[PDB]
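Have a look at final-v4.cif; it's mmCIF, C-alpha atoms and all ligand atoms:
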```
data_input
loop_
_atom_site.label_atom_id
_atom_site.label_comp_id
_atom_site.auth_asym_id
_atom_site.auth_seq_id
_atom_site.Cartn_x
_atom_site.Cartn_y
_atom_site.Cartn_z
CA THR A 1 24.33 -50.82 45.89
CA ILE A 2 26.50 -50.67 42.76
CA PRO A 3 27.51 -54.16 41.57
CA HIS A 4 31.23 -54.76 41.10
CA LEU A 5 32.29 -56.79 38.07
CA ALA A 6 35.66 -58.21 37.03
CA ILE A 7 34.90 -58.08 33.29
CA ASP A 8 37.71 -56.42 31.36
CA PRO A 9 36.02 -54.71 28.37
CA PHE A 10 39.46 -54.10 26.80
CA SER A 11 40.63 -57.74 26.87
CA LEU A 12 41.16 -59.74 23.69
CA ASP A 13 38.61 -62.33 24.86
CA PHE A 14 36.00 -59.57 25.19
CA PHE A 15 36.83 -58.13 21.76
CA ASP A 16 36.59 -61.61 20.23
CA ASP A 17 32.93 -61.94 21.32
CA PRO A 18 31.57 -59.03 23.38
CA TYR A 19 27.89 -59.88 23.38
CA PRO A 20 27.57 -62.21 26.41
CA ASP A 21 29.63 -59.87 28.59
CA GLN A 22 27.64 -56.87 27.33
CA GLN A 23 24.41 -58.56 28.43
CA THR A 24 26.01 -59.28 31.82
CA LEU A 25 26.93 -55.60 32.09
CA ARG A 26 23.39 -54.49 31.19
CA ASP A 27 21.60 -56.97 33.44
CA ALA A 28 23.79 -56.39 36.50
CA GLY A 29 22.26 -52.93 36.91
CA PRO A 30 21.93 -49.51 35.29
CA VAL A 31 25.34 -48.56 36.75
CA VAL A 32 28.20 -51.00 37.39
CA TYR A 33 31.70 -50.63 38.79
CA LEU A 34 34.54 -52.22 36.81
CA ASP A 35 37.13 -53.30 39.38
CA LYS A 36 39.71 -54.01 36.66
CA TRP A 37 40.14 -50.32 35.81
CA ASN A 38 38.40 -48.44 38.67
CA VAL A 39 35.72 -46.87 36.46
CA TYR A 40 31.95 -46.80 36.40
CA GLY A 41 30.17 -48.40 33.47
CA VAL A 42 26.80 -47.87 31.83
CA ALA A 43 25.73 -50.42 29.23
CA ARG A 44 21.97 -49.81 28.85
CA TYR A 45 20.56 -47.47 26.22
CA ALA A 46 18.82 -45.23 28.76
CA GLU A 47 21.92 -44.40 30.83
CA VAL A 48 24.26 -44.12 27.84
CA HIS A 49 21.86 -41.65 26.24
CA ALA A 50 21.48 -39.73 29.51
CA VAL A 51 25.25 -39.45 30.02
CA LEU A 52 25.87 -38.32 26.44
CA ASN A 53 23.24 -35.60 26.79
CA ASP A 54 24.53 -34.06 30.05
CA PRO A 55 27.93 -32.70 28.99
CA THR A 56 28.05 -30.37 32.01
CA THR A 57 28.02 -33.22 34.53
CA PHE A 58 29.75 -35.80 32.31
CA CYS A 59 32.48 -33.71 30.71
CA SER A 60 34.93 -34.40 27.88
CA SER A 61 37.75 -31.94 28.68
CA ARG A 62 39.29 -34.39 31.16
CA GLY A 63 39.59 -36.89 28.29
CA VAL A 64 37.26 -39.37 26.63
CA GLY A 65 39.65 -42.26 27.21
CA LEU A 66 40.51 -43.89 30.52
CA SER A 67 43.19 -41.32 31.34
CA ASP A 68 42.05 -38.30 33.37
CA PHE A 69 43.78 -35.21 31.97
CA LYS A 70 43.61 -33.66 35.44
CA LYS A 71 45.84 -36.49 36.70
CA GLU A 72 48.03 -37.44 33.71
CA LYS A 73 49.52 -35.72 30.68
CA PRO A 74 47.58 -36.42 27.46
CA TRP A 75 49.60 -38.48 25.00
CA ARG A 76 49.15 -35.66 22.44
CA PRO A 77 47.84 -32.09 22.78
CA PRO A 78 44.09 -32.32 23.46
CA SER A 79 41.67 -32.23 20.56
CA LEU A 80 40.02 -28.80 20.35
CA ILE A 81 36.65 -30.46 19.71
CA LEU A 82 36.50 -34.04 21.02
CA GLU A 83 38.35 -33.23 24.26
CA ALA A 84 36.74 -29.84 24.92
CA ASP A 85 33.58 -28.80 26.73
CA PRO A 86 31.21 -25.93 26.00
CA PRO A 87 31.84 -23.07 25.61
CA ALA A 88 35.37 -23.72 24.28
CA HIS A 89 33.93 -26.59 22.21
CA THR A 90 31.31 -24.48 20.48
CA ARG A 91 33.13 -22.43 17.86
CA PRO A 92 35.56 -25.14 16.66
CA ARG A 93 32.53 -27.45 16.39
CA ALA A 94 30.71 -24.87 14.27
CA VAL A 95 33.69 -24.56 11.92
CA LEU A 96 33.90 -28.32 11.38
CA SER A 97 30.12 -28.41 10.88
CA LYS A 98 30.38 -25.84 8.08
CA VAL A 99 33.43 -27.54 6.57
CA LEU A 100 31.59 -30.89 6.45
CA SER A 101 28.21 -29.42 5.49
CA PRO A 102 25.53 -30.32 2.91
CA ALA A 103 27.05 -27.88 0.41
CA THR A 104 30.37 -29.69 0.70
CA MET A 105 28.60 -33.04 0.29
CA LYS A 106 27.04 -31.78 -2.93
CA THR A 107 30.49 -30.85 -4.25
CA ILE A 108 32.01 -34.29 -3.52
CA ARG A 109 29.09 -36.72 -4.00
CA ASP A 110 29.54 -37.37 -7.72
CA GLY A 111 33.23 -38.20 -7.31
CA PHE A 112 32.61 -40.37 -4.25
CA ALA A 113 29.91 -42.33 -6.08
CA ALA A 114 32.02 -42.80 -9.22
CA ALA A 115 34.89 -44.12 -7.09
CA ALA A 116 32.53 -46.55 -5.33
CA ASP A 117 31.13 -47.87 -8.61
CA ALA A 118 34.64 -48.16 -10.06
CA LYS A 119 35.90 -50.11 -7.04
CA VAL A 120 33.05 -52.63 -7.17
CA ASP A 121 33.57 -53.08 -10.92
CA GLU A 122 37.27 -53.70 -10.26
CA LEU A 123 36.54 -56.21 -7.50
CA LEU A 124 34.06 -58.07 -9.71
CA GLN A 125 36.86 -58.65 -12.22
CA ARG A 126 38.83 -60.42 -9.48
CA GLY A 127 35.83 -62.28 -8.04
CA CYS A 128 37.48 -63.50 -4.84
CA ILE A 129 38.72 -60.54 -2.78
CA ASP A 130 39.37 -59.48 0.81
CA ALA A 131 36.48 -57.21 1.75
CA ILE A 132 38.68 -55.41 4.29
CA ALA A 133 41.94 -54.60 2.49
CA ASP A 134 40.38 -54.52 -0.97
CA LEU A 135 37.11 -52.71 -0.19
CA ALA A 136 36.57 -51.36 3.33
CA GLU A 137 40.12 -49.97 3.37
CA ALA A 138 40.72 -49.41 -0.34
CA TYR A 139 37.59 -47.36 -1.01
CA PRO A 140 37.99 -44.75 1.78
CA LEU A 141 41.70 -44.53 0.92
CA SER A 142 40.67 -43.74 -2.67
CA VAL A 143 38.44 -40.75 -1.76
CA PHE A 144 39.12 -39.34 1.69
CA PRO A 145 42.83 -38.35 1.56
CA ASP A 146 42.10 -36.60 -1.74
CA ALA A 147 39.05 -34.89 -0.21
CA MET A 148 41.31 -33.68 2.63
CA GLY A 149 43.77 -32.24 0.11
CA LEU A 150 46.69 -34.44 1.18
CA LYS A 151 49.68 -35.06 -1.03
CA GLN A 152 50.25 -38.64 -2.19
CA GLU A 153 53.50 -39.24 -0.33
CA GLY A 154 53.16 -40.63 3.19
CA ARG A 155 49.50 -41.65 3.12
CA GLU A 156 50.59 -45.06 4.46
CA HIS A 157 50.82 -43.31 7.86
CA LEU A 158 47.09 -42.55 8.05
CA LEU A 159 45.67 -45.90 9.13
CA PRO A 160 48.54 -46.55 11.60
CA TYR A 161 47.98 -43.10 13.12
CA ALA A 162 44.25 -43.74 13.47
CA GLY A 163 44.84 -47.14 15.05
CA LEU A 164 47.10 -45.40 17.56
CA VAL A 165 44.49 -42.71 18.34
CA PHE A 166 41.78 -45.27 18.97
CA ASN A 167 44.03 -47.59 20.97
CA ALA A 168 45.10 -44.58 23.07
CA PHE A 169 41.58 -44.02 24.41
CA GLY A 170 41.90 -47.39 26.12
CA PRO A 171 43.54 -48.33 29.40
CA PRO A 172 47.33 -48.73 29.59
CA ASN A 173 47.24 -52.33 28.35
CA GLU A 174 49.62 -53.84 25.81
CA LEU A 175 47.55 -52.66 22.83
CA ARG A 176 47.91 -49.06 24.01
CA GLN A 177 51.52 -49.28 25.17
CA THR A 178 52.65 -50.86 21.90
CA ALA A 179 50.80 -48.29 19.81
CA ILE A 180 52.43 -45.38 21.62
CA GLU A 181 55.87 -47.00 21.35
CA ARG A 182 55.55 -46.96 17.54
CA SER A 183 53.83 -43.57 17.24
CA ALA A 184 56.67 -41.12 16.52
CA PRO A 185 56.82 -41.40 12.69
CA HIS A 186 53.03 -41.30 12.32
CA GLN A 187 52.64 -38.26 14.57
CA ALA A 188 55.40 -36.48 12.66
CA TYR A 189 53.70 -37.07 9.31
CA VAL A 190 50.21 -36.16 10.51
CA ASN A 191 51.26 -32.99 12.34
CA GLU A 192 53.18 -31.78 9.27
CA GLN A 193 50.23 -32.31 6.92
CA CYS A 194 48.09 -30.09 9.18
CA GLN A 195 49.97 -26.93 8.17
CA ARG A 196 48.20 -24.69 5.67
CA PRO A 197 50.76 -24.91 2.80
CA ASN A 198 50.47 -28.72 2.76
CA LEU A 199 46.71 -28.89 2.10
CA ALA A 200 45.54 -28.63 -1.51
CA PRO A 201 43.04 -25.94 -2.59
CA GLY A 202 39.36 -26.70 -2.08
CA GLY A 203 39.86 -29.69 0.23
CA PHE A 204 38.64 -30.08 3.79
CA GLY A 205 41.99 -29.01 5.24
CA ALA A 206 42.25 -25.82 3.22
CA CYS A 207 38.65 -24.97 4.09
CA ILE A 208 39.42 -25.25 7.82
CA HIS A 209 42.33 -22.83 7.42
CA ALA A 210 40.11 -20.50 5.38
CA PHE A 211 37.74 -20.22 8.36
CA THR A 212 40.49 -18.62 10.48
CA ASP A 213 39.44 -15.05 9.64
CA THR A 214 35.79 -15.08 10.74
CA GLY A 215 36.41 -14.82 14.48
CA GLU A 216 35.38 -18.43 15.09
CA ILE A 217 38.90 -19.91 15.18
CA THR A 218 42.32 -18.35 14.99
CA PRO A 219 45.04 -19.48 12.58
CA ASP A 220 46.83 -21.39 15.38
CA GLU A 221 43.70 -23.52 15.97
CA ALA A 222 43.43 -24.73 12.37
CA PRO A 223 46.25 -27.34 12.44
CA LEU A 224 44.70 -29.21 15.39
CA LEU A 225 41.29 -29.15 13.70
CA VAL A 226 42.82 -30.67 10.58
CA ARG A 227 44.36 -33.19 12.98
CA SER A 228 40.85 -34.08 14.15
CA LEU A 229 39.80 -35.02 10.61
CA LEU A 230 43.03 -36.98 10.01
CA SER A 231 42.42 -38.81 13.32
CA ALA A 232 38.71 -39.60 12.97
CA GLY A 233 37.89 -39.34 9.28
CA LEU A 234 39.34 -42.53 7.76
CA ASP A 235 39.53 -45.52 10.12
CA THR A 236 35.95 -44.95 11.29
CA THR A 237 34.61 -45.27 7.74
CA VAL A 238 36.82 -48.32 7.11
CA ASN A 239 35.12 -50.10 10.00
CA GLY A 240 31.68 -48.73 9.14
CA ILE A 241 31.86 -49.98 5.56
CA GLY A 242 33.49 -53.21 6.72
CA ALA A 243 30.63 -53.70 9.18
CA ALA A 244 28.04 -53.17 6.43
CA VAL A 245 29.71 -55.64 4.06
CA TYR A 246 30.10 -58.16 6.88
CA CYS A 247 26.39 -57.78 7.65
CA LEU A 248 25.38 -58.29 4.02
CA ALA A 249 27.69 -61.31 3.76
CA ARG A 250 26.15 -62.98 6.81
CA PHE A 251 22.52 -62.03 6.07
CA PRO A 252 21.88 -62.76 2.38
CA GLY A 253 18.16 -62.09 2.76
CA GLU A 254 19.00 -58.46 3.52
CA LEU A 255 21.35 -58.25 0.54
CA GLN A 256 18.43 -59.46 -1.56
CA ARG A 257 16.13 -56.78 -0.18
CA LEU A 258 18.82 -54.16 -0.80
CA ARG A 259 19.24 -55.31 -4.41
CA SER A 260 15.50 -55.00 -4.96
CA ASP A 261 15.47 -51.38 -3.72
CA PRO A 262 18.88 -49.65 -3.85
CA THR A 263 17.35 -46.58 -2.20
CA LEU A 264 17.60 -48.57 1.05
CA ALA A 265 21.39 -48.17 0.85
CA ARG A 266 21.55 -45.27 3.31
CA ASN A 267 19.47 -47.02 5.97
CA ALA A 268 21.26 -50.33 5.38
CA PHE A 269 24.48 -48.51 6.27
CA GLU A 270 22.91 -46.82 9.29
CA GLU A 271 21.66 -50.19 10.53
CA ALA A 272 25.15 -51.64 10.09
CA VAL A 273 26.51 -48.84 12.28
CA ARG A 274 23.97 -49.72 14.97
CA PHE A 275 24.42 -53.48 14.59
CA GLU A 276 28.22 -53.58 14.78
CA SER A 277 28.87 -50.19 16.44
CA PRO A 278 32.39 -49.79 14.97
CA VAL A 279 33.14 -47.12 17.57
CA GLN A 280 32.42 -49.20 20.67
CA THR A 281 33.13 -47.00 23.68
CA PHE A 282 33.93 -43.56 25.01
CA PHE A 283 34.47 -42.22 28.53
CA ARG A 284 33.28 -39.13 30.37
CA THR A 285 34.46 -37.65 33.68
CA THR A 286 32.04 -36.43 36.34
CA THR A 287 32.38 -32.79 37.36
CA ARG A 288 30.22 -33.19 40.50
CA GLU A 289 28.55 -35.85 42.58
CA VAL A 290 25.62 -37.13 40.54
CA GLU A 291 22.74 -39.60 40.75
CA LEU A 292 22.50 -41.88 37.72
CA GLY A 293 20.15 -44.86 37.66
CA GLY A 294 19.87 -44.98 41.45
CA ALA A 295 23.65 -44.82 41.87
CA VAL A 296 25.57 -41.97 43.49
CA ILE A 297 28.76 -41.31 41.52
CA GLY A 298 31.31 -38.98 43.09
CA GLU A 299 33.13 -36.09 41.46
CA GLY A 300 36.11 -36.76 39.22
CA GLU A 301 35.10 -40.32 38.32
CA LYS A 302 35.47 -41.92 34.91
CA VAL A 303 32.28 -43.29 33.35
CA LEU A 304 32.60 -45.78 30.49
CA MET A 305 29.75 -45.70 27.94
CA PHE A 306 29.16 -48.93 26.02
CA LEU A 307 27.73 -47.54 22.77
CA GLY A 308 27.58 -50.95 21.09
CA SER A 309 25.75 -52.43 24.07
CA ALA A 310 23.29 -49.51 24.11
CA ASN A 311 22.64 -50.26 20.42
CA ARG A 312 21.77 -53.89 21.29
CA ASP A 313 19.74 -53.21 24.47
CA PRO A 314 16.41 -55.11 24.31
CA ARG A 315 14.92 -52.46 26.61
CA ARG A 316 15.17 -50.10 23.62
CA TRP A 317 15.29 -52.25 20.47
CA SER A 318 13.07 -54.99 19.08
CA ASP A 319 15.15 -57.99 17.99
CA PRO A 320 18.38 -56.04 18.60
CA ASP A 321 20.59 -58.90 17.39
CA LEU A 322 18.98 -58.95 13.93
CA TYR A 323 20.30 -56.95 10.98
CA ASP A 324 17.22 -55.26 9.46
CA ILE A 325 17.80 -52.70 6.71
CA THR A 326 14.29 -51.24 7.05
CA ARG A 327 14.57 -50.81 10.84
CA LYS A 328 13.73 -47.39 12.24
CA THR A 329 17.32 -46.68 13.30
CA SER A 330 16.84 -43.10 14.54
CA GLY A 331 18.16 -42.79 18.07
CA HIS A 332 21.01 -45.28 17.89
CA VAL A 333 24.17 -43.98 19.54
CA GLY A 334 26.76 -45.33 17.08
CA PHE A 335 27.54 -41.73 16.09
CA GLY A 336 27.06 -40.46 19.65
CA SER A 337 24.30 -38.12 20.77
CA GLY A 338 24.09 -34.49 21.80
CA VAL A 339 26.65 -31.72 21.43
CA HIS A 340 29.53 -34.03 20.40
CA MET A 341 27.46 -36.18 18.02
CA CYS A 342 29.69 -37.10 15.07
CA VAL A 343 30.41 -33.87 13.18
CA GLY A 344 31.55 -35.92 10.19
CA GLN A 345 28.43 -38.07 9.98
CA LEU A 346 27.44 -36.66 6.58
CA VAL A 347 30.78 -37.82 5.13
CA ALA A 348 30.45 -41.23 6.79
CA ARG A 349 26.90 -41.70 5.52
CA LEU A 350 27.81 -40.50 2.02
CA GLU A 351 30.63 -43.05 1.73
CA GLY A 352 28.49 -45.84 3.15
CA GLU A 353 25.52 -44.97 0.95
CA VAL A 354 27.39 -44.86 -2.34
CA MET A 355 29.30 -48.07 -1.62
CA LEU A 356 26.16 -49.97 -0.65
CA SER A 357 24.41 -48.51 -3.72
CA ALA A 358 27.18 -49.85 -5.97
CA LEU A 359 26.90 -53.28 -4.33
CA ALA A 360 23.11 -53.22 -4.60
CA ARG A 361 23.24 -52.52 -8.34
CA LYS A 362 26.23 -54.67 -9.33
CA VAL A 363 26.47 -57.69 -6.99
CA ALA A 364 24.16 -60.69 -6.81
CA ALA A 365 25.82 -62.57 -3.94
CA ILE A 366 28.48 -62.07 -1.25
CA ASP A 367 29.80 -65.38 0.08
CA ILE A 368 32.43 -65.73 2.78
CA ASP A 369 34.99 -68.11 1.32
CA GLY A 370 37.93 -68.02 3.73
CA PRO A 371 38.90 -67.65 7.39
CA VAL A 372 37.53 -64.50 9.01
CA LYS A 373 40.18 -62.70 11.11
CA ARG A 374 39.20 -60.07 13.70
CA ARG A 375 41.20 -56.89 14.36
CA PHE A 376 41.71 -55.91 18.01
CA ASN A 377 41.62 -52.25 19.08
CA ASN A 378 40.72 -50.64 22.40
CA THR A 379 37.96 -48.55 20.78
CA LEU A 380 37.23 -49.89 17.26
CA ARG A 381 35.38 -53.12 16.45
CA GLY A 382 36.01 -54.63 13.05
CA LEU A 383 37.78 -57.25 10.98
CA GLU A 384 41.36 -57.68 9.82
CA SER A 385 40.41 -59.95 6.92
CA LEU A 386 37.09 -60.90 5.32
CA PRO A 387 37.57 -63.22 2.32
CA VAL A 388 34.50 -63.14 0.08
CA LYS A 389 33.48 -64.21 -3.40
CA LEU A 390 31.48 -61.55 -5.26
CA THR A 391 29.06 -62.86 -7.87
CA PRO A 392 28.04 -60.27 -10.49
CA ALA A 393 24.39 -59.36 -10.98
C1 LIG A 401 30.97 -44.82 10.55
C2 LIG A 401 31.81 -43.79 10.72
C3 LIG A 401 31.91 -43.00 12.04
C4 LIG A 401 31.50 -43.35 13.27
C5 LIG A 401 30.82 -44.68 13.69
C6 LIG A 401 31.80 -42.26 14.18
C7 LIG A 401 31.54 -42.20 15.54
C8 LIG A 401 31.63 -41.05 16.31
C9 LIG A 401 31.17 -40.88 17.68
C10 LIG A 401 30.49 -41.97 18.53
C11 LIG A 401 31.45 -39.63 18.08
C12 LIG A 401 31.10 -39.05 19.47
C13 LIG A 401 32.33 -38.86 20.35
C14 LIG A 401 31.95 -38.48 21.76
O1 LIG A 401 30.73 -38.41 22.08
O2 LIG A 401 32.88 -38.24 22.57
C15 LIG A 401 32.09 -38.94 16.97
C16 LIG A 401 32.54 -37.64 16.98
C17 LIG A 401 33.35 -37.10 16.01
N1 LIG A 401 33.57 -37.60 14.74
FE1 LIG A 401 32.72 -39.31 13.97
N2 LIG A 401 32.40 -41.26 13.43
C18 LIG A 401 32.48 -41.67 12.12
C19 LIG A 401 32.99 -40.98 11.05
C20 LIG A 401 33.61 -39.75 11.10
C21 LIG A 401 34.15 -39.00 9.99
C22 LIG A 401 34.11 -39.46 8.51
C23 LIG A 401 34.69 -37.87 10.47
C24 LIG A 401 35.39 -36.71 9.72
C25 LIG A 401 35.44 -36.63 8.39
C26 LIG A 401 34.49 -37.87 11.91
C27 LIG A 401 34.90 -36.88 12.79
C28 LIG A 401 34.44 -36.75 14.08
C29 LIG A 401 34.78 -35.68 15.00
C30 LIG A 401 35.73 -34.51 14.66
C31 LIG A 401 34.13 -35.88 16.15
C32 LIG A 401 34.17 -35.00 17.42
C33 LIG A 401 32.91 -34.13 17.39
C34 LIG A 401 32.76 -33.32 18.65
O3 LIG A 401 33.47 -33.61 19.64
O4 LIG A 401 31.92 -32.38 18.67
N3 LIG A 401 33.83 -39.02 12.26
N4 LIG A 401 32.19 -39.83 15.91
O1 LIG A 402 39.22 -34.75 17.40
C1 LIG A 402 39.78 -35.87 17.25
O2 LIG A 402 41.04 -35.95 17.15
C2 LIG A 402 38.95 -37.14 17.23
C3 LIG A 402 39.59 -38.37 17.32
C4 LIG A 402 38.84 -39.52 17.31
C5 LIG A 402 37.46 -39.47 17.22
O3 LIG A 402 36.78 -40.69 17.23
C6 LIG A 402 35.45 -40.76 16.84
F1 LIG A 402 34.65 -40.09 17.71
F2 LIG A 402 35.10 -42.08 16.87
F3 LIG A 402 35.29 -40.28 15.57
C7 LIG A 402 36.82 -38.24 17.13
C8 LIG A 402 37.57 -37.07 17.13
CL CL A 403 49.64 -36.34 16.82
#
```
Starting from the coordinates I provided, produce the structure as structure tokens.
Amino acid sequence: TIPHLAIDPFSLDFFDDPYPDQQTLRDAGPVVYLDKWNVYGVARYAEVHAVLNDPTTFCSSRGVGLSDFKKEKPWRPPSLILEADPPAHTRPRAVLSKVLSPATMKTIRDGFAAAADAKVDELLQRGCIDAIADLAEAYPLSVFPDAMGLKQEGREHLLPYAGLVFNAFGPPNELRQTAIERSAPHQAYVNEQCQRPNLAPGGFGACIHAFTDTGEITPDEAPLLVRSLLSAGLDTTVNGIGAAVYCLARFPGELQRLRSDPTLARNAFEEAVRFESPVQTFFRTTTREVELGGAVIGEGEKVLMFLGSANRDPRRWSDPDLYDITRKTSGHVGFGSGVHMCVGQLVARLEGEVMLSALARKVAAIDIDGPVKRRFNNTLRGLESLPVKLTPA
């Protein structure tokens, strides 16, 4: 009843061009079995959305990577939010929601926008730049560590640590094994920065620790919640902004529409998140036997959700393979859906908006002018290098 496929969604060939295999996964059936890793897969929008929105049946506390925490030791102590189910999930989630709230966004928006404008002005002086290292990486590095309250020393550990976290959700392939082999110095740095004395006043980290007297979290929960922001808060935005710039570079007609109305910046970023889906995949684990799209899945089974495939499913989207900055993007699953839906989405959207606004106002053309190099990661989709020429407006 359930089709069995040999596709390895964590192979370099798949990462290099996932779209044919993602159509094969969608068209084989609503539920497939991936023989390579002994997991179920759902690649259509309908089933991905259904799984995300039944956290009781499709839980997160047994891990959202391939590894089942009931069978293996987690590579690091479980996240108190990402790798927790209700009710344990609920109060840590509420704390992060209030730490990354609209009021916080109002306090940081002016500085984030000034840094975006400054970066684009700087890049225009150089003309030919690498849109990854010099923009998608450089801009988040210029605002987010400071917004966390991190000291300057050791920030070079942040992107390596994030690459490790996202590789570690994958199966035990070479990408994951190599990441873990090199992890010790990055874990040491990150864990140390999570302690209250090491987080500067008024930043996200200090605000988490300040919430430890309301009865929502205790002081011993705050370091791991800081760890969540140091795991998820930087490399995601790097690949979100990189996706948006890559989209504008490939689709000059959409850059031209964005220039003509810079208030489309926020939706142009949201559409880039749908179109590229920088966070490609997450797993759930079934807590009971369950019927999903005509399939009977037993208890204790891993289910792989293809978020990027769901965001390209023609059953849900018109012209899914087109980048359209005025698309009605509401409902895409690039930030997830339901109780775990990205708690940092207001930070991600703020960064993406102000960067695309700066480009819209200052840049007339974005032309790829060198070899494009892809970066391979078990969970993240994005580029290693994107050489572009920026023409000033
Ligand atoms: C374009 C940028 C981003 C994308 C595409 C993205 C994607 C996602 C997705 C798909 C989830 C759902 C995980 C699941 O269902 O298991 C999630 C959750 C989460 N994200 Fe984001 N994220 C981004 C930026 C950020 C930022 C900037 C932060 C923090 C500053 C952040 C922190 C988190 C946390 C802590 C969770 C776990 C929430 C929970 O389990 O309740 N993310 N993200
Ligand atoms: O809590 C954490 O450590 C954590 C780590 C990664 C993560 O990934 C993404 F969902 F994509 F943002 C979310 C949360
Ligand atoms: Cl760690």
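With all atoms listed in the file counted, the chains near ligand LIG 402 (chain A) contribute these residues within 8 Å: residues 78, 79, 80, 81, 82, 83, 162, 165, 166, 224, 225, 227, 228, 229, 230, 231, 232, 233, 236, 279, 335, 336, 342 and 344 of chain A.
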Exercise answer, 12 Å around ligand CL 403 (chain A) with all atoms listed in the file, as a JSON list (two decimals) with C-alpha atoms, in the frame of the given file:
```
[["chain", "number", "residue", "atom", "x", "y", "z"],
["A", 74, "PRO", "CA", 47.58, -36.42, 27.46],
["A", 75, "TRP", "CA", 49.60, -38.48, 25.00],
["A", 76, "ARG", "CA", 49.15, -35.66, 22.44],
["A", 77, "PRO", "CA", 47.84, -32.09, 22.78],
["A", 78, "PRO", "CA", 44.09, -32.32, 23.46],
["A", 79, "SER", "CA", 41.67, -32.23, 20.56],
["A", 157, "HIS", "CA", 50.82, -43.31, 7.86],
["A", 158, "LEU", "CA", 47.09, -42.55, 8.05],
["A", 160, "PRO", "CA", 48.54, -46.55, 11.60],
["A", 161, "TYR", "CA", 47.98, -43.10, 13.12],
["A", 162, "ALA", "CA", 44.25, -43.74, 13.47],
["A", 163, "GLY", "CA", 44.84, -47.14, 15.05],
["A", 164, "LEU", "CA", 47.10, -45.40, 17.56],
["A", 165, "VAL", "CA", 44.49, -42.71, 18.34],
["A", 168, "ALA", "CA", 45.10, -44.58, 23.07],
["A", 180, "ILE", "CA", 52.43, -45.38, 21.62],
["A", 183, "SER", "CA", 53.83, -43.57, 17.24],
["A", 184, "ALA", "CA", 56.67, -41.12, 16.52],
["A", 185, "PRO", "CA", 56.82, -41.40, 12.69],
["A", 186, "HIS", "CA", 53.03, -41.30, 12.32],
["A", 187, "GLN", "CA", 52.64, -38.26, 14.57],
["A", 188, "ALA", "CA", 55.40, -36.48, 12.66],
["A", 189, "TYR", "CA", 53.70, -37.07, 9.31],
["A", 190, "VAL", "CA", 50.21, -36.16, 10.51],
["A", 191, "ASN", "CA", 51.26, -32.99, 12.34],
["A", 192, "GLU", "CA", 53.18, -31.78, 9.27],
["A", 193, "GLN", "CA", 50.23, -32.31, 6.92],
["A", 194, "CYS", "CA", 48.09, -30.09, 9.18],
["A", 223, "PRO", "CA", 46.25, -27.34, 12.44],
["A", 224, "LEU", "CA", 44.70, -29.21, 15.39],
["A", 225, "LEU", "CA", 41.29, -29.15, 13.70],
["A", 226, "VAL", "CA", 42.82, -30.67, 10.58],
["A", 227, "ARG", "CA", 44.36, -33.19, 12.98],
["A", 228, "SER", "CA", 40.85, -34.08, 14.15],
["A", 229, "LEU", "CA", 39.80, -35.02, 10.61],
["A", 230, "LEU", "CA", 43.03, -36.98, 10.01],
["A", 231, "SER", "CA", 42.42, -38.81, 13.32]]
```
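With CA of residue 52 (chain A) on one side and atom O2 of ligand LIG 401 (chain A) on the other, the separation reads 8.0 Å.
Counting all atoms listed in the file, the residue from A:64, A:359, A:59, A:350 that sits nearest to ligand LIG 401 (chain A) is A:64.
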Could you tell me which of A:296, A:95, A:28, A:347 comes closest to residue 108 (chain A) if we count all atoms listed in the file? A:347
